[PDB]
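*Asks:*
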Amino acid sequence: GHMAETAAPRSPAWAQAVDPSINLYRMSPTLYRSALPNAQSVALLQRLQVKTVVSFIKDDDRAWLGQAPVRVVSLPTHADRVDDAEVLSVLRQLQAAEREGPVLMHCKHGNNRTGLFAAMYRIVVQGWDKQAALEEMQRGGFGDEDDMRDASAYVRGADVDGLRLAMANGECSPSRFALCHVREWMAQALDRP
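In the authors' numbering, the protein residues as written are 26 to 218.
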């Protein structure tokens, strides 16, 4: 895409732009990161075995995948929802999906907030090392491991009140689309002759 490539440290061995169209980079092969949920990503997803993509859709994800049995997942990581309870809820979701293959988590415009999870998620659920955060650290999400840039934003939400009220106000709040019944109801294929 038209992104000024004259940024970042010297060429990361870790994150390289695999597809600069949707801004998907290669990150550690137990997780992926992108930005744009564009329908042209479908073919790429299949190659990378990415059968889990975090994107927002009213209808079934099949509407843009076509025939690709990729599962688009609805995460508690909203524009600003992520509490101390929501973060765990995110963590346990991707490590569950990892059983089927690599997972693509992203935000359309929220690269730092994606890095929030992508950095340390694998450390806490997989047992990776804190250094493994380096991937999104150098991406700008964390920026620095100690003097973390965006990480603290989530932490301001993860407060004593943030945690207790997440629980206290987290009762009777289901999803109708992805939880009630209409999930994967639309079609199995909306593409291919």
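Ideal Cβ positions, reconstructed from N, Cα and C, are used throughout, including at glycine.
1) Can you give the Cα-Cα distance for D109 and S198, rounded to whole angstroms?
2) Expressed to the nearest angstrom, what Euclidean distance is found between the alpha-carbon atoms of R35 and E170?
3) On the three-pair Cβ rule with 8 Å, is the segment 65-74 touching the segment 117-124?
4) What three-state label does DSSP hand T31 in the structure shown?
5) In chain order, which alpha helix (DSSP H) runs of at least 4 residues are fully inside the segment 157-214?
6) Indicate whether the contact test is met: 3 or more Cβ pairs, each with one atom in the segment 205-218 and one in the segment 127-141, closer than 8 Å.
7) In terms of residues, what are the limits of the beta strand (DSSP E) holding residue 224?
8) If we define contact as Cβ-Cβ less than 8 Å, is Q65 a contact residue for chain B?
*Replies:* Inspection of the coordinates gives the following:
1) 17 Å
2) 18 Å
3) no
4) coil
5) 159-162, 176-182, 185-193
6) no
7) One cannot answer for residue 224 here, as it falls past the ends of the chain, which runs 26 to 218.
8) Absent here is chain B; the protein component of the structure consists of one chain.
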